[PDB]
Amino acid sequence: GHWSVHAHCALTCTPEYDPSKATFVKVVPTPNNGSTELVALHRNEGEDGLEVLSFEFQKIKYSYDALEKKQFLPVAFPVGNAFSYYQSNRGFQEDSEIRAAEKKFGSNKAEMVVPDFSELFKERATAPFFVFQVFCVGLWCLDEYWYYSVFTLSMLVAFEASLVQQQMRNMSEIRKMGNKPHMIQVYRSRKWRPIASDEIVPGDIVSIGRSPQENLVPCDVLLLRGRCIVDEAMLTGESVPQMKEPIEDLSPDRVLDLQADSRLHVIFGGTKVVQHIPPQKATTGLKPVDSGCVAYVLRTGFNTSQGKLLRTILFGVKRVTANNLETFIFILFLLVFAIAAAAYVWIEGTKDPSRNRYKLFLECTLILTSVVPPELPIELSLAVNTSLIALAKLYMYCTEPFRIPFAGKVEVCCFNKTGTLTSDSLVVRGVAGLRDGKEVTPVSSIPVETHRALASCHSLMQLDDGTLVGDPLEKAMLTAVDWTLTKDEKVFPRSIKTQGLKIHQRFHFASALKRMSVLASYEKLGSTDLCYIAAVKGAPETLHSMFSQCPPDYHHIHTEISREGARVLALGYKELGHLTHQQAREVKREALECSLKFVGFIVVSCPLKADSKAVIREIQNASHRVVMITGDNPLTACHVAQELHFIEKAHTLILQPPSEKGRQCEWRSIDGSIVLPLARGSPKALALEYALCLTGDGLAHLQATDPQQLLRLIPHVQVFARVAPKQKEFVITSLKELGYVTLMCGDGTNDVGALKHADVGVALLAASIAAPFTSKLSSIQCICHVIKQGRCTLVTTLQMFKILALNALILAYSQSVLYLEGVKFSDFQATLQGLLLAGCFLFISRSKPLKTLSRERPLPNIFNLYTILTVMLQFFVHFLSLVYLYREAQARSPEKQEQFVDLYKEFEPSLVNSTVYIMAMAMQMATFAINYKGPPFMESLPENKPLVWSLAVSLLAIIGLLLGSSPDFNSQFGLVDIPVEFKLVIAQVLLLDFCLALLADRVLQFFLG
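Residues numbered from 1 in each chain as written, not as in the entry; some residues may be left out. Heavy atoms only, no water.

Deposited coordinates in this entry are attributed by the record to cryo-EM, at a stated resolution of 3.40 Å.

You'll find the chain entered in the PDB entry as Endoplasmic reticulum transmembrane helix translocase, with Homo sapiens given as the organism. In UniProt, the chain has this text filed under Subcellular location: "Endoplasmic reticulum membrane". According to the UniProt record, the Sequence similarities comment for the chain is "Belongs to the cation transport ATPase (P-type) (TC 3.A.3) family. Type V subfamily." (UniProt positions renumbered as here; feature names shortened; annotations may be inferred.)

And the structure:
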């Protein structure tokens, strides 16, 4: 296929190496993905007198820059611009450069033309397998096997039509993402101009907002001025809407980085911007009429992230190619026996000089072209297709289909605490640390300072209907104090006679910083002066150094209140003295962190989802390994790990990094019962003795000093404590490099960095493309369902390979022996034989798996002693039956009369014809029945009712023919009535062959289980 592309180029044109005028340029696909394609360069007039060489590959445009690099380059974007450029940028001023940019950056058209059934089908039909199949159909047409050729051609057309229709089913999703052309109000040439969505190009200025139609962000925009609240659920999978801030406040000295500043200031295209805070009229700048925040465009077209994911849907996926090392080795192994059979036929035929040797070479070719390709290319695609069709019914959907066969061999599964296990609804127990000991004081008795610190230090937001939505950790907080939040960003206490607080800046949750700081100012009593008071919150360990004064019982109360299982969160509050207006915004956010005053600890109840315990036990019972990854306190993570039996040992030992340099790390348990330093030996001894947990601080320490130790210890670790998203992705990496197929199930934006990199990943919504697998259902049982469907697909694939190998070999050698005896099947006989093949295979694909997965591990692929050995042993057992029945029929059939043959005479009936045909169909049935790997992985055969009926009809037909109860029946099929003395021995050897094949197969299975 791909290697067949260059022939058309070589015939049509002579390739060019002088860059003077290249009629065409071949495109390197890169080994990762892509296909070799031919793109014609485009000649564009240069307004400044400069020529440009450019082309479009996979809807991504590259261009030629000979000025410095002297090579093609992908198109540069405003992404790398200095942070000061945007603030003074006023938009494009003249229109000649508007066309210039639209040509040399790419119009914002990500829409693709609908692919017709004819076009996709035509592309599919050129694949090497289908061409070889049409060639063998022609060969049967040469051998005057008309009906068999017709049936095979019909079957190939049917299966290819089925696959092409399934591929066409993806068009529904492709246009379901629903990027459409709509009117947009934009700024250009020093005036506000509504401009079409598709023609918006990088560099422009557009006034986005909440449309009355709830429309979507057209393309990636950079929020110039104003605050707005955005729901990234469609893209990021997070139910909680996140905050996006203006860029006017930030200093021009910084360097813009999406990887560092995506979550805060850039609105990703196609994301729900629900309410915008129009910037104050006092500030001088761009004045949008629509009162929507002014937003500069960074990327358009398939250069945006949504466009990138859509390109992944269409072409980015490997598209479950049937071509594999497995398929090639299978064909080679089958072709060895097919070639041997053809060679024996040829030698026997040439042993007779009378017989025409042209037809014997034809017969050799017909044998070879019969045995090898029969329904192989469909199988691995169809197994995945069936699994995915079933798996979509569970209200879980997938984007990359080829990942399902990966899910069968998931040796280690990792989970995120705050997601599945920690559940959605949370209730805050109260504010702790205010009184002696770990006792939580009630909200009534906490200081009013705690009220203001809790109330302000939040990311929440008001919407027009009046609902209050945001982080549950904040919902519980604000319900605890019970102060109302108004649309004007003013907090009015319900029953407390205190002045409201005005929120000025809201620094948001920085996961690497593990914190969140808030600045608000309250009017002094009896005066008009504004006193700015800073309130923060975050993980207590990182806030420790930020406190100016710390109670001595800090660490002890922390540990005690964590051990119960409730998540803790420290607070802060600082007077700041009096601050005037200029440094109210000028004072950098990273200056509010130091010199803090304790106000309290807060604990929110974290219920488990009940489903999690059962599913974790289920996964552990299926020869898996569940490891938790989350960023919370090691004590809390280890407690919830014990409760769900992530760790089953008696003791749980954390690792803590040494405070003093030159000191080794030493393990410590939750109770402190056992303390032991790390050893240069293996961690198997410790893993057996007790459960292991390694924290992010130790993660970084061991990462810096000696990576080998951490690499060898990561598998042994059950609880991953205090890990930031970068470190989570790192843990996934080191699990995957050691050879373990990793399943991770997380949801947060902290999890996007890890789900993509993992072997199989699922993202859960409290349809999305954040991860390869996404389920609308918020439960955790999706992991078990995916694992079972993957094991089902793997088992189906392997059993189908064994089935077709043995069936094709049986047919091969049967036709071979007939040819030696100068007889061949009729057209009608091989037609019905293949028809019964088609029925049984179509019925065995449409099969159901069991509800509960079992301790055994399904075989990853055919590359095991079991498959090869069972095919060889089963085939020997059936081939001896071929030989014996053949020899009996030959030694007991009358000799041939005339040496000459008649071309018009074909399939002249004979007893040898009858014996080998009936025997062949019985043997086909025998292998379908024998090689059905039923329980524990697939439902029991008598439960498989359609297959039971199919095999029953087949065996009834064989019984009816062998007895020949209806003479007109066998007369239609052209079989001769056999004497009973022969029928008995036929049935005897047939049944003995079946039974001894069963015994050989199951004995091999038992001794190599």
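1. Some remarks on the overall build of the chain
A count of helical and extended segments in the chain gives 34 helices and 36 strands. Considering only C-alpha atoms, the chain reaches an extent of 130 × 80 × 55 Å along its principal axes. Taking all 1009 residues of the chain together, the buried fraction comes to 48%. Carbon and sulfur atoms provide 59% of the accessible area of the chain, an area that totals close to 50700 Å². Across the chain, the mean location of the 100 positive side-chain charges is 4 Å away from that of the 98 negative side-chain charges. (Helix = DSSP H or I, 4+ residues; strand = E, 2+ residues; numbered from the N terminus. Buried < 20%, exposed > 50% of the residue type's maximum accessible area, 1.4 Å probe, protein only. Areas by Shrake-Rupley, 256 points an atom, 1.4 Å probe, with all protein chains shown as cover. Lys, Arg positive; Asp, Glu negative; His and termini not counted. Charge placed at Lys NZ, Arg CZ, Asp CG, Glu CD.)

2. Notes on the domain arrangement of the chain
Assigned domains within the chain: domain 1 (2-75), domain 2 (117-135 + 140-176), domain 3 (183-316), domain 4 (378-394 + 796-895 + 902-1007), domain 5 (397-422 + 609-776) and domain 6 (427-605). Inter-centroid distance (C-alpha atoms) of domain 2 to domain 6 is 65 Å. (Domains from an automatic or database assignment.)

3. Re the sheet that holds strand β13 (residues 266-267)
A sheet is described by the order of its strands in space; here six strands give the open sequence β8-β7-β9-β15-β10-β13, paired in antiparallel fashion. The outermost strands of the open sheet, each flanked by one partner alone, are β8 (191-196) and β13. In this sheet, strand β15 (residues 294-297) lies alongside strand β9 (residues 205-207) in antiparallel orientation, the contact comprising three bridges. If you follow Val206 over to β15, its bridge partner there is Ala295. (Pairing = 2+ DSSP bridges.)

4. Considerations on the pattern of salt bridges
Going through the model one piece at a time under the given rule, you end up with 23 salt bridges. When the shortest N-O distance is used, the salt bridge between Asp632 and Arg567 registers 3.8 Å. Here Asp632 is found in the loop between β28 (626-629) and α22 (634-643), whereas its partner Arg567 is found in strand β25 (residues 567-574), with 65 residues between them in sequence. No difference in accessibility class separates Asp632 from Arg567, as the two residues are buried. Across the pair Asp1001 and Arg1002 runs a salt bridge whose closest N-O atoms are separated by 3.2 Å. (Salt bridge = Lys/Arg side-chain N within 4 Å of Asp/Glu carboxyl O.)

5. Quick word on the pairing of strand β5 (residues 60-65)
As defined by bridge partners, strand β4 (residues 52-57) adjoins β5 across four bridges and the pair is classed as antiparallel. The residue of β5 that forms the bridge with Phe57 is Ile60. Here four bridges tie β5 to strand β6 (residues 71-74), and the two strands are oriented antiparallel to one another. The partner of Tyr62 across the bridge, within β6, is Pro74.

6. So, the sheet that holds strand β14 (residues 272-277)
With antiparallel pairing, three strands are arranged side by side in an open sheet as β12-β11-β14. Among the strands making up the open sheet, the edge pair consists of β12 (242-244) and β14. When the angles between neighbouring strand axes are averaged without regard to direction, this sheet yields 25°. Where strand β11 (residues 227-231) lies against β14, five bridges are found, and the strand directions are antiparallel. In the strand pairing of β14, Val230 is matched with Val273. (Axes fitted to C-alpha atoms, helices over the stretch in contact; angles between N-to-C directions.)

7. Regarding helix α21 (residues 610-620)
Note on helix geometry: an α-helix contains 3.6 residues per turn, so any two residues three or four positions apart are oriented the same way. All of the buried residues along α21 are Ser612, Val615, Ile616 and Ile619. Looking straight down α21, one finds its buried side chains confined to an arc of 105°; they lie on one side. On its buried face, α21 is in contact with β17 (412-416), α15 (417-421), β28 and α28 (782-820). (Arc of directions from axis to C-beta. Contact = heavy atoms within 4.5 Å.)

8. Focus on the packing of helix α31 (residues 911-930) against helix α32 (residues 945-963)
Across the interface, α31 lies against α32 with an axial gap of 10 Å and an inter-helix angle of 155°. Here α32 runs roughly antiparallel to α31, going by the angle between their axes. The crossing of α31 and α32 is left-handed. The residues of α32 that touch α31, namely those facing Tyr917, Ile918, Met921, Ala922, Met925, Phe928 and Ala929, are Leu951, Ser954, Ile958, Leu961 and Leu962. (Parallel < 35°, antiparallel > 145°, perpendicular 65-115°, else oblique. Left-handed = near helix turned anticlockwise from the far one by under 90°.)

9. Topic: the side chain of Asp220
For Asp220, the location among the structural elements is in the loop between β9 and β10 (221-223). By relative accessible area, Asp220 is classed as buried at 0%. A distance of 2.4 Å separates polar atoms of two side chains, one belonging to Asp220 and the other to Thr304. With near-sequence residues (within four places) excluded, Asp220 lies in contact with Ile267, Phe268, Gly269, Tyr296, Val297, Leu298, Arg299, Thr304 and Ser305. (Polar contact = N/O pair within 3.5 Å; in protein donor to acceptor, adjacent residues only side chain to side chain.)

10. Some points on the side chain of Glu245
Here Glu245 shows up in the loop between β12 and α9 (258-265). Side chain to side chain, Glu245 and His508 meet in a polar contact 3.0 Å long. With near-sequence residues (within four places) excluded, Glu245 lies in contact with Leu223, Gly226, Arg227, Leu264, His265, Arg506, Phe507 and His508.

11. Here's the deal with a nonpolar patch on the surface
A cluster of nonpolar residues, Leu865, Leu869, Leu999, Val1003, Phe1006, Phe1007 and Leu1008, forms a patch on the protein surface that exposes about 760 Å² of accessible area. Listing elements by their share of the nonpolar patch, those giving two or more residues are α30 (865-891) and α34 (980-1007). Here the element with the most residues in the nonpolar patch is α34; it accounts for four residues. Mapped onto the secondary structure, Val1003 falls in helix α34. (Patch = residues over 30% accessible without salt bridge, like charges linked within 9 Å, V, L, I, M, F, W, Y side chains within 5 Å.)

12. A closer look at unusual backbone geometry
The amide bond that connects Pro935 to the next residue, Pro936, takes the cis arrangement and shows omega of 10°. Note on placement: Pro936 falls in the loop between α31 and α32. Unusually for a residue other than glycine, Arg722 sits at a positive phi of about 55°. Within the fold, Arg722 resides in the loop between β33 (719-721) and α26 (725-737).

13. Structural notes on the environment of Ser595
In this fold, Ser595 is placed in the loop between α20 (582-586) and β26 (596-597). According to the relative accessible area criterion, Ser595 is partly exposed, its value standing at 45%. Along the backbone, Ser595 and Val150 are 445 residues apart, and their C-alpha atoms lie at a distance of 86 Å. Ignoring sequence-local partners within four residues, the contact set of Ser595 consists of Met546, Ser548 and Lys574.

14. Description of the state of the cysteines
Think of a disulfide as a covalent bridge from one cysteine sulfur atom to another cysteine sulfur atom. Counted according to the given criterion, the structure contains zero disulfides. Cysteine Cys136 is unpaired, with the sulfur of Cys141 as its nearest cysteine sulfur at 12 Å. By relative accessible area, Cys136 is classed as buried at 5%. With no disulfide of its own, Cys745 lies closest to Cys782 among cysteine sulfurs, the gap being 5.0 Å. For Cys745, a relative accessible area of 1% puts it in the buried group. (Disulfide = S-S within 2.5 Å.)

15. Structural notes on the packing of aromatic side chains
Under the defined criterion, the tally for this structure stands at 26 aromatic pairs. Both rings, one in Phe337 and one in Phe875, keep their centres 5.4 Å apart while their planes meet at 90°; by these two values the pair is edge-to-face. Measuring from centroid to centroid gives 5.7 Å for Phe1006 and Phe1007, while their planes differ by 75°, and the two rings are edge-to-face. Take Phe1006 and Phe1007: they sit in the same class, and that class is exposed. Taken together, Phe337, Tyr813, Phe875, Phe876 and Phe879 form an aromatic cluster joined through their ring pairs. The ring of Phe507 carries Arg589 above its face, with NZ or CZ at 3.3 Å from the centroid. Over the aromatic face of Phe843 sits the side chain of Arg846, whose NZ or CZ is 5.3 Å from the ring centroid. (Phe/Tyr/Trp six-rings, centres within 6.5 Å; stacked < 30°, edge-to-face > 60°. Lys NZ or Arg CZ within 6 Å of the ring centre and 35° of its normal.)

16. Concerning the pairing of β4
With three bridges connecting them, strand β3 (residues 42-44) and β4 associate as antiparallel partners. Pairing of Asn44 across the sheet is with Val52, part of β4. The turn linking β4 back onto β5 is made up of two residues, and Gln58 within it adopts a positive phi angle of 50°.

17. Re the environment of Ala383
Take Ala383: it is sitting in helix α13 (residues 376-393). Residue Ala383 is classed as buried on the basis of its relative accessible area, which comes to 8%. Between the C-alpha atom of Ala383 and that of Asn323, which follows or precedes it by 60 residues, the distance is 14 Å. Residues contacting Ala383, with those up to four places away along its chain left out, are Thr793, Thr796 and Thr797.

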